[PDB]
There are 6 protein chains.
Amino acid sequence: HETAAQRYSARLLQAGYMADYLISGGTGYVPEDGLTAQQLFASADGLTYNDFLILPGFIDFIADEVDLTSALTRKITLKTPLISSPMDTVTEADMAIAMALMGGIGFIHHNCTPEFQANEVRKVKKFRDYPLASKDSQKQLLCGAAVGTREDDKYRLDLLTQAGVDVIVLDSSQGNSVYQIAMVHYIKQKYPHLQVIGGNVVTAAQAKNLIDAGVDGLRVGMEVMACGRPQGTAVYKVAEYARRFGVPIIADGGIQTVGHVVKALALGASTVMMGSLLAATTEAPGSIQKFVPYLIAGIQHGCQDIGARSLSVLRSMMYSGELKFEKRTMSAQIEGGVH
Amino acid sequence: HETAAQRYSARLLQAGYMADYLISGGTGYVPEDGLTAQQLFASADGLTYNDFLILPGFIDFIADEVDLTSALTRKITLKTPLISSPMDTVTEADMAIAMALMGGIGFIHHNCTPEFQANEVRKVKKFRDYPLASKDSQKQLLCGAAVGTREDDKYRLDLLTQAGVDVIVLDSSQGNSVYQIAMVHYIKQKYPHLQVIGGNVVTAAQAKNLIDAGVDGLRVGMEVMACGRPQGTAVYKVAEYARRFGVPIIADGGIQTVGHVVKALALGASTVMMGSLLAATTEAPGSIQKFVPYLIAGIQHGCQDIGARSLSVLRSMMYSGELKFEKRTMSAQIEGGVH
Amino acid sequence: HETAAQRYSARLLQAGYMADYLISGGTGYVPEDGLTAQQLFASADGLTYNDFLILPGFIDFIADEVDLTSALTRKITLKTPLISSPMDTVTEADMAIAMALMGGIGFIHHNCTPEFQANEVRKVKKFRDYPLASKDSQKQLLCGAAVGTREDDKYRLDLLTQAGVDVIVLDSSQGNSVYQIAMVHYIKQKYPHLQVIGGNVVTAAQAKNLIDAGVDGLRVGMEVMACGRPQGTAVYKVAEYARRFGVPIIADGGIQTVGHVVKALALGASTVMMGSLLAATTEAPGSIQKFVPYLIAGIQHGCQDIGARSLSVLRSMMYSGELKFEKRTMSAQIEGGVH
Amino acid sequence: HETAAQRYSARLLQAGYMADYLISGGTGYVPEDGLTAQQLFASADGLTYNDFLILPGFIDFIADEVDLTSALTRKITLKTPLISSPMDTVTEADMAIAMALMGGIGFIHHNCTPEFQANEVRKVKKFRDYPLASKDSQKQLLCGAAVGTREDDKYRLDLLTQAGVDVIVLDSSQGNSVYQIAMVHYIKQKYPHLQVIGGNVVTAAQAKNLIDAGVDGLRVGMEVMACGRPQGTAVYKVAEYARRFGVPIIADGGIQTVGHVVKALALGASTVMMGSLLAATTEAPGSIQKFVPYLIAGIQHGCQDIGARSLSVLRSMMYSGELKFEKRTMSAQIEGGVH
Amino acid sequence: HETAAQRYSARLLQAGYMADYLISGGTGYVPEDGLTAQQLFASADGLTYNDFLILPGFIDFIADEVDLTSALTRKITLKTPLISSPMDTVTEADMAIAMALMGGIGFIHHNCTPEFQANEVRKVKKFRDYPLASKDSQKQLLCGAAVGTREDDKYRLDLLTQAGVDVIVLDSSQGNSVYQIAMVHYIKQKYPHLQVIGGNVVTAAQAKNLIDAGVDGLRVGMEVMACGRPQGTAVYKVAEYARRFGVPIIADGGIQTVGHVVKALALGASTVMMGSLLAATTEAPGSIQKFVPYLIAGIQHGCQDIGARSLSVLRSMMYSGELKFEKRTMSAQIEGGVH
Amino acid sequence: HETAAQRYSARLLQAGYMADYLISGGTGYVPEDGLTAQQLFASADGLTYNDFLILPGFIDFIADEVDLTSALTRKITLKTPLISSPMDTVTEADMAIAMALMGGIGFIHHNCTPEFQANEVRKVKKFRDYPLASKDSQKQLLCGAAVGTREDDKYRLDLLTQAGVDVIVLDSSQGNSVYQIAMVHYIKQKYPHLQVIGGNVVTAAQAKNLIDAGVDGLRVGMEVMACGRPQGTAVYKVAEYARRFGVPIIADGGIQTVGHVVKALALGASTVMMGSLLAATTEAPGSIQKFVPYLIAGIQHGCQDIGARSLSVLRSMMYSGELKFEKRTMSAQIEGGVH
């Protein structure tokens, strides 16, 4: 990507404003200020999205020009980073249709008899004011489904395959298990065309065992539980590990505002799974058709303030140390407003 | 114990999925992530159970298979890590019977005349769904008693011995005293069969003076006081010291949820003393027969998410640096939910 | 400036109270205590004004003697460090007149048609019990105006120039942009007499691109948002960078009490922009004639307790390491009272 | 003082419980645990009494045996460390009498015409069930007075001297001034028998200039203010400096509970100034004859749990690194209860 | 592997020397002492083999029992970790025969015409008092060859293949190049049975680009060059990275004593390349038949003092933090003798 | 510049070896290893060229393709980074001619009468197998001269100007003085075409006062003087400061090997001043015509091992954190050979 110094110096040639080029080429000096993402997380304290800010960059573009295309899996790409969660309160076929037309995807839930989930998937597949639409090679909408890791889910998975599903999410609170790895190996052997998203993970050790099982995406996220992780740290650690293998990450939970979506995206999650913010809308079992454009314009203004032309540019600035972060103690969270 | 890498690589031989064994045997690489318990407490800030999480491991077993057996003293072992506190609001003979039948123990309180405590102990000793029962070599239920460190407690201790008590807890807010050490020396000389649990302690220096007096367990825990400690740090520091001598630790207080029971256990307590969660049940001066199965099933799901087959396996993963921890800033405690 | 040791030892000659002068001249020993401003901000945690205290110095002067003169820009200086913000709820001509008579300045807002702003500026320009008054070389009051970075603002800027405006603030939430830099270059070329204040900035990289565009002052300050900074850290970092070039800084927002005004001043802001504390007074679209003397007397008592004779002396003690700071954990913020 | 290892090992000879003496003499091995007071304050964060705990020691004595004698100045010593503050709401002659009879002292306030303060002082001076009574060489009660640092206070000081006052407190919010140093020099020249307590101070630099002026004690303590300090850090820093010169410290403010009194004493204050806890009692313009015995019994239980036989022993354990401290994060303050 | 605590506690059952097992299973306490390999290299200073010592362990076995088997590549394993370097001064066919019979391997040099190297390889391939012999599946000796990364080396590689070579080393001072990656891709495509060892590398970034090109081993090593690395740091950093992919490391250069062989092996090299210690022997263009038994017996006494039964056990103790290290300042190297 | 990841991934498209591009653009993962130049010098220890190594990169080009063009001043650029020092033992006109023909420059010494230096300058100015030749706008060779900061040097400077000198070096051991700043102001006012190189400096404060005087280059460098600096730290600190203003730096002294030239160049010196290595050659008062090509091929092989296509690309990789460094402890300096 073109760094802020390169973009500034290149556009300073557009009016009447040597040896500097011979000193260090395009790396034409910026004052050192703020932490890199590596320096922010190189400490014992686990961070949530409220504990840090992204520092503003250099703006050379209109916010409506910001590209939001992102990877869901190794083979599937969306035009918008927004996914509707596989919750029974959220995603059935009308919600999955709404999401796919907008350029996201929905994962249909599995608090269903197996034929009912297959019917809702079939209904999404058989469905010019939607430019961004999530469509397959046959121009049908993209559909996700949820599956458990019990034995009877091997039958549910066949019906979802006959319904023409594009991507499966393995639904578990702790995805790093013999049961889920046995399921990923089964799906890859029996359905070699089908994309699988692994479990829930919060550490790079969990992501390793699932990436080694041949999974294509990962879902990051985890009062009385004793296990878990702070969600900003979990998204950053799992994404930094999985990025070594070209596996995309889904940030799931801890998301309440546009600011949390821009932070999750900036930390390496390629897509964000809206859990409840969608619930309580016209489609769930406002209107999506009216509310996702609001989120999308929010993400584009966020990327514009950061000075990133694209979400892949944003993640490339984060891993290279160009994007800078600051930690907020509680009084700094209070003076912005959070609680 | 078999580490997560050893368990993963061993079970990966059960399907069709060299040189790696010659490079480093069974320790076949896990990504570095999270703090060890030594690294978590190697800082000035004292921690309570709310200030940290245990990071999830690798699951290769059913939660109902998890072994909860633990040491109360050098010679007494329970099938469940749960104890009823020696509070007058909590533990008389019917509470101690219900605890022992469930595979815990109760310590009968001493805010009563010496003959009344001896009568309640006699009642426990003389007493279908009970596989786990805490019984002595004569098949009678195990009973604990509380005793003070005044001179007249030397008479109370005789009556508790004639009633056939199995273990004594010396009940004091600051157990590191000439008065308590004189009492432990007296109990050991006069009753060489009787097991003693020392005081309250929160530092390894206090633990030394009582382990040197010949005590068989320690109780860990401590506005008008000025001195004390954060309970997560106190349990770890005293348990790491007492583990050098094979002395078990009881974690007492700061416990409110199943998550705090799993954390106290993971930090090196052998047993947890339910203080008030038992109060306001049918057995106290809900039902113990139904509530401690709920705690037990909760502890077993906690150990399953951690990837530990047993509580002694769990403590062995903690002292070896395999079990990993993350610190939570207040915002991260809030986004999980605590207050 | 004369350090506390130099002033103490000088005044100790005024009553009957060698070789120490030969040991180290006038720097005659003070105990080490507190952090320097560099040591306070040399950490990952971003601070607001609630997170720190200034430590008290040596008092050798009356508070009513403290000099409050400060720079607004490279060429404009005020007798009071206080500015009324360019908000539609705050600053029209009667507010700007009251501010200028009191020895501050007002920036008239621009949520109005270009002729209305030019009329309110003309009204300020055409207007012995005001010693402090902010006047130009023709003895007319000083007036500020706000302007955006759209193309049609090039016409508004002409009408504000015909009205005789003294300084322009470029009004943007993120001032580091091609659009704002193009505007500063336009103002400098077309109106070489006109002073310009740049945008909003919170990092030294932003301040660099605007100082390089030729700006005469900077405005520091920034839930949906994801971008931002803690205001104490932002004022310090941007002022430390701009101070290398002789460019003054305006602290804008995070200001609520006289204590926050003295802290913002002590960290390198040369002027503070009262945003809402002025709103809900007789001048806005109490009385400014009575309230800003209360602020002024409060700032003078603050500088007296700190032991600084002047605000330029105060900033010179801060950059030299003589002025000392202490960080407050939340409990210490509660010990003073803040929420 | 005899350390915990010396006390333990010596008392272990009193029942049937070489080479160790030849290895390390009287040092007997104690496990490393907790911070020293020097290590606790070796960080940027200023601490209140709520931010830390003292760790419990070894007990070999009854709490009723704990000695509370302490220095008020270089020449005056009390049998109890409690002082009534020089507030108009708190200390007139009947309050000062009750305090002196209980073994503290009262400082009479100066929101008085000079003759009225002199009359209340005269009334205290002219006044076996009080063993601890604070009396002078003529067996009259000790009385303190407050004085300001204006010119007309030189007349007030004469009347307080003719009334027979024992000790003067110079009443100012920022004691490190030419005005206060000129007053201390005047009192020492004109009344060479009279003991003076200096100002308010919170740094060792302020303490130096007043100790150099010839003051006999210091008062430590300090929303419109901007400058000040966290009270636990202020008491430790000023007491560590003043200890070098044999000057005692009064801790003033931040005191609410018996626990804050034991912490302020343990951090090196010689005396604590009860500010409002005395207000709203029968003596102020409960009963002091009943309330300060409750404070005294509380301080003695605090020292007993700490294992210190005397307040001078408590301070010697703190400066030698034997007394240990732990920092409380907010969640640990919550689990003990503070807000 | 069985840790020192597990082996000690297991063998303590073999003579007459509970609850400890319930406290932490087999991890029955060892004092903390020395750095882990991760903690040794977690610092800015790069180390040679002289700058550190391995700390001694627990001995439960005879040195003659220590297993020295190790991986050369993903598919080739030797019974001795010793290799003769591809230097013109060292390795022709009689040196390669002596090495292979002893259970090492020799790499024949390439500072000769292609037919001469092919003839020396053919001579090795056509050749019970050698138990350890390095033989292929047809019972011929194993032979290595060196090849460059020029175009004409594609012809040399064919003649070495017709001579029946088992493993190729790509000979370059800086192996991370388009030229070497193009060569590895060519060898893999044209000779899919042939094992390749990559270049020289000293950083994990170089190791990545060659492991991604499909290489089967790596060579680690690098007065007037400006590029390079300290060899102890280079062996550890590249081995920790390559261990993630099951790729073995050859340590090349800086090896002068048996102590340096045991250190290189302990830091994660699978094999060590004797460079000059073999030169000036009967085999080079002493006797290899007598000198490599001296090295082998020295490596076995080194592993015995470390307490490792095998070299794969040794590397597993290093990556798990059971093996401990200490750094040496120059005076500590002098008191052992190194110069 | 194209980073190693961008160059590797771009050339991996040139044979048959998506979604990774959507994760983070072109910055497609490299392992973390080695210090950045900022991290190397962010410690108290001052370094010379022997104390560190540059870690090797990725090679995609031939060494003979490496561009050595560099800035001498703001307006003068050489085709080779080599300068002959202004020493009487080194640089008179035949040495300055030899240097300029090779594409460096010589600075003629001034331990001679003003007319002799002017004659040697005139001789250089009046003078196709030299492609790299350093020539002016009139195709005459470039010549430097040395001048002092005494008053009579104002006459020497006129004769050097009439002789047609291109660049002046102000020759002083400590360049930060009123005498040198007065001289730079004089040269700029009287000869506005003439380029000046400032003194000697080793700190950014010295470089500031000379860069503010209007100097165009700087000379970095400084047995029993007690002032000075380690030359690696001095070159890095002065170059990092002067790079903010586009002022080139000359590394002078500490240079003995081609490895020291590549290190000085990599740390931000744009040119290196060969001091003695040139002395003892045919031109001084081997042959330059034969010895600088050797140095040039050495610098090109150094840049090739580093993976930098140009010296401006090399400095760009250094300031961006792509170029990595390791610190050699003294025994690692012995492992390579240095003494």
Side-chain angles (χ1 to χ4, degrees), chain A residues 41 43-52 85 87 172-176 199-203 206 219-238 250-257 259-261 263-264 267 269 272-277 327-330 333-334 338-339, chain B residues 33-35 40 45-57 230-232 254-267 298-299 301-306 323-339, chain C residues 330, chain D residues 329-335:
Chain A
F41 293 109
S43 183
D45 44 328
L47 307 184
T48 58
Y49 304 117
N50 302 92
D51 297 305
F52 72 86
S85 68
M87 297 200 305
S172 176
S173 64
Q174 212 289 54
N176 190 30
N200 281 281
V201 302
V202 295
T203 74
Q206 297 178 294
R219 219 216 311 190
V220 177
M222 194 171 197
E223 313 93 273
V224 308
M225 301 297 163
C227 276
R229 200 169 195 168
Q231 180 64 354
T233 302
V235 165
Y236 175 73
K237 291 305 197 94
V238 174
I250 312 184
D252 179 18
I255 312 299
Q256 305 194 33
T257 76
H260 292 206
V261 177
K263 285 172 181 167
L267 289 187
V272 179
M273 184 171 272
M274 312 277 84
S276 99
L277 302 214
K327 194 183 297 188
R328 298 168 109 179
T329 187
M330 288 303 301
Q333 313 186 21
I334 268 61
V338 295
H339 184 290
Chain B
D33 206 0
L35 303 160
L40 186 78
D45 45 327
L47 307 183
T48 59
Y49 305 118
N50 300 92
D51 299 304
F52 73 86
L53 286 164
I54 306 171
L55 300 183
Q231 179 66 345
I255 310 295
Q256 304 190 33
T257 65
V258 157
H260 293 200
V261 185
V262 177
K263 284 172 181 166
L265 257 36
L267 287 188
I299 296 157
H301 285 77
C303 295
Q304 202 215 26
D305 293 336
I306 291 168
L323 191 70
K324 296 298 206 295
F325 298 79
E326 186 136 293
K327 193 183 298 186
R328 298 166 108 182
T329 185
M330 288 253 64
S331 181
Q333 314 186 24
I334 268 62
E335 198 62 21
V338 297
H339 185 295
Chain C
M330 286 306 303
Chain D
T329 187
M330 286 301 302
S331 227
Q333 313 186 23
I334 268 59
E335 198 64 19

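Residue numbering restarts at 1 for every chain, and letters A, B, ... go by the order of the sequence lines. Any value given below was found using the heavy atoms of this structure, including those in side chains, with hydrogens, waters and symmetry copies removed.
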[X]: what forms a side-chain contact (heavy atoms from CB on, under 4.5 Å) with it, not counting sequence neighbours?
{"X": "D/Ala332", "answer": "B/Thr48, B/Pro230, D/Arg328, D/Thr329"}
{"X": "A/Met87", "answer": "A/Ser85, A/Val90"}
{"X": "B/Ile255", "answer": "B/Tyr49, B/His260, B/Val261, B/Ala264, B/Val272, B/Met274"}
{"X": "A/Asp45", "answer": "A/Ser43, A/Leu47, A/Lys327"}

Original post:
Have A/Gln333 and A/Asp51 got a donor and an acceptor in their side chains that come within less than 3.5 Å?
Top reply: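 The criterion, which ignores hydrogens and geometry beyond distance, is satisfied for A/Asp51 and A/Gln333.
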Subject >> Polar side-chain atom of A/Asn200 near backbone of A/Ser172 as donor-acceptor pair, under 3.5 Å >> reply: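 Checked: pair present.
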Which value, rounded to the nearest 0.5 Å, describes the distance between [X] atom [atom1] and [Y] atom [atom2]?
{"X": "B/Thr257", "Y": "A/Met225", "atom1": "OG1", "atom2": "CE", "result": "10.0 Å"}
{"X": "B/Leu55", "Y": "A/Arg229", "atom1": "CG", "atom2": "CZ", "result": "5.0 Å"}
{"X": "A/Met222", "Y": "B/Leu53", "atom1": "CE", "atom2": "CG", "result": "9.5 Å"}
{"X": "B/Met330", "Y": "B/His339", "atom1": "CE", "atom2": "NE2", "result": "8.5 Å"}

Of all the heavy-atom pairs spanning [X] and [Y], show the shortest one and how long it is.
{"X": "B/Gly298", "Y": "B/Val258", "answer": "C-CG1, 3.5 Å"}
{"X": "A/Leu267", "Y": "A/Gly232", "answer": "CD1-O, 3.5 Å"}
{"X": "B/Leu323", "Y": "B/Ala266", "answer": "CD2-CB, 4.3 Å"}
{"X": "A/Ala251", "Y": "A/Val235", "answer": "CB-CG2, 3.8 Å"}
{"X": "A/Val202", "Y": "B/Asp33", "answer": "O-OD2, 4.4 Å"}

Subject >> side chain to side chain donor-acceptor pair (under 3.5 Å) against A/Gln174, all qualifying residues, sequence neighbours excluded >> reply: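 A/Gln174 satisfies side chain to side chain donor-acceptor pair (under 3.5 Å) with A/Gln206 only.
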Subject >> Six-ring centre of A/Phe52, A/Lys263 cation under 6.0 angstrom, axis tolerance 45° >> reply: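 Here A/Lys263 passes the 6.0 Å and 45° test against A/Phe52.
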[X] versus [Y]: any side-chain heavy-atom pair under 4.5 Å?
{"X": "B/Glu326", "Y": "A/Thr233", "result": "yes"}
{"X": "B/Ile306", "Y": "B/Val262", "result": "yes"}
{"X": "B/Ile54", "Y": "B/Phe325", "result": "yes"}
{"X": "A/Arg219", "Y": "A/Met273", "result": "yes"}
{"X": "A/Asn176", "Y": "B/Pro56", "result": "no"}

Original post:
In chain order, what residues pass the ring pair (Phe, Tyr, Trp, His ring centres under 6.0 Å) check against B/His301, with sequence neighbours excluded?
Top reply: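 Not a single residue meets the ring pair (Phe, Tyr, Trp, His ring centres under 6.0 Å) criterion with B/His301.
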